[PDB]
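**Q**
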Amino acid sequence: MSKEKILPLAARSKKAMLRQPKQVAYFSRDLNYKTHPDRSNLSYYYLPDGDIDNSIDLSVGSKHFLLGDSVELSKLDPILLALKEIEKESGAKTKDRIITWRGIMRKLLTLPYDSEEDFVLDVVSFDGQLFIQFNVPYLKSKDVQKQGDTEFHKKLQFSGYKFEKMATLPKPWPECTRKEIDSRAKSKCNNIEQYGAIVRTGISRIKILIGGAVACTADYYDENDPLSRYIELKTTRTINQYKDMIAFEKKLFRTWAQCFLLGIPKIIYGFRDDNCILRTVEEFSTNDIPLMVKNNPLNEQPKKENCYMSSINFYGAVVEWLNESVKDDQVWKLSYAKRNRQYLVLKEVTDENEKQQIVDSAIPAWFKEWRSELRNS
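Numbering (UniProt numbering), first residue to last: 1 to 377.
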């Protein structure tokens, strides 16, 4: 056996705090997965009270819903590309340490308290930088098991995507026409067409380059501080009892972990019934979620220990564990599943063919040749 690293679930770092994230790049992913460095897919939020009062259906058009490949959407092509432009128009190597997507860090931070999903991730140490990706065998296993997930889960996913499509506009409201507003329900919904932002964040003595999709923006693009006007939209079932309260608080913690990484201040939630009809909508603030969750009049004292602060501490502990747990020119695999329930496992791969295929499926050829050119120059 190789030198196996055990990360306990109770490991915490009391001196861990999040540095202020700052956006460094943006990109738009089109139908053919061709990343472009512009704002073609950036959308703008607009939803008055009349839409909520009209009881807009959310399940309409689910027959022709389009799906995207997990491998293509999980590839680090846009982040590495934006790295290529920032390297070209910077002239010197960056100061970031771990380079990854938003979902990986979301799951890896949310794991201690919301762990109904197993994950195996590949870590590549190249030129002093860290590349984190979903494991390709794990990707195809996930696709195989997802292909037989009945029809309710895809119905809920399409309901969320339809809410996202209906609540936003492709252009700001003053420049939009009446045809582009009343035809939102007659459009095509898919997950391939997206807009994302790449943001540099920091924690402890570690710098991370996080790529993540952004649903839309408040009213316009702020060139001074783009992250101030960002906004995220999610769909949950209507709340009617204590069990609904508990479920919604767990979902709130998960999506707050998802949103806080990119520094998005405002979140919007459309509550729907079992008939996929938008019942209501409301706003939330990312900084204000922990205080309102803790100070809940119905359940004032469920726990003396706030999950959010310990989640931050665990995130710091795991990121420093990754910082001084992998050496240069090394490929590792970390995992978490049902059987552990106490710790995360990390192993080092020694197979030459497996390492080569992981590197090839993780890093594209153009990024490698551009890195070689930069090293030569």
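Even for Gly, the Cβ is constructed at its ideal location relative to N, Cα and C.
#1: Is residue 279 helix, strand or coil by DSSP?
#2: Could you check whether the segment 7–27 touches the segment 253–263, counting it as contact only if at least three pairs of C-beta atoms, one from each stretch, sit closer than 8 Å?
#3: Roughly how many angstroms separate the alpha carbons of residue 44 and residue 229, rounded to a whole number?
#4: Which residue comes first and which comes last in the alpha helix (DSSP H) that contains residue 61?
#5: With burial defined as no fewer than 16 other Cβ atoms inside 10 Å of the residue's Cβ, what is the status of residue 152: buried or exposed?
#6: Go ahead and label residue 334 buried or exposed: buried means 16 or more other beta carbons lie within 10 angstroms of its beta carbon, across all protein chains shown.
#7: Using the three-state DSSP reduction, which class does residue 47 fall into: helix, strand or coil?
#8: With residue 234 and residue 267 assumed to form a contact (beta carbons below 8 Å), what rounded beta-carbon distance in angstroms separates them?
#9: Out of 40, 9, 315, which has the shortest C-alpha to C-alpha gap to residue 201?
#10: Using only the alpha-carbon positions, how far apart do residue 295 and residue 288 sit?
#11: Do you know offhand how far residue 194's Cα is from residue 1's?
#12: What are the residues that DSSP puts in a beta bridge with residue 158?
#13: Helix, strand or coil for residue 127? Go by DSSP, reduced to three states.
#14: Tell me which residue opens and which closes the alpha helix (DSSP H) that residue 145 is part of.
#15: Would you call the segment 82–102 and the segment 21–35 touching, i.e. three or more CB-CB distances under 8 Å?
#16: Sorted by chain position, which residues of the same chain lie with C-beta nearer than 7 Å to residue 35's C-beta, five sequence neighbours on each side aside?
#17: Please confirm if the segment 1–11 is in contact with the segment 345–361, defined as three or more CB-CB distances below 8 Å between the two stretches.
#18: So, are the CB atoms of residue 133 and residue 362 less than 8 Å apart?
#19: Determine whether the beta carbon atoms of residue 326 and residue 125 lie at a separation below 8 Å.
#20: Residue 135: buried (16+ other C-beta within 10 angstroms of its C-beta) or exposed?
#21: Pick out whichever of 180, 272, 329 has its Cα sitting closest to the Cα of residue 58.
#22: What are the uninterrupted segments assigned as beta strand (DSSP E) that are 3 or more residues long and contained completely in the segment 63–107, given in chain order?
#23: Keeping to the same chain, check which residues put their C-beta closer than 6 Å to that of residue 190; ignore five residues upstream and five downstream.
**A** Inspection of the coordinates gives the following:
#1: Residue 279 falls in the strand class under three-state DSSP.
#2: yes
#3: Roughly 10 Å between the two C-alpha positions.
#4: It is not in any alpha helix (DSSP H) - residue 61 carries neither H nor E in the DSSP assignment.
#5: exposed
#6: Looking at its Cβ environment, which holds 16 or more other Cβ atoms inside 10 Å, residue 334 is buried.
#7: DSSP places residue 47 in coil when its eight states are reduced to three.
#8: 7 Å
#9: 315
#10: 11 Å
#11: 43 Å
#12: Answer by DSSP bridge pairing: none, since residue 158 is not bridged.
#13: coil
#14: Here the alpha helix (DSSP H) through residue 145 covers 136–146.
#15: yes
#16: 27, 29, 77, 78, 81
#17: yes
#18: yes
#19: yes
#20: buried
#21: 272
#22: 98–101
#23: 66
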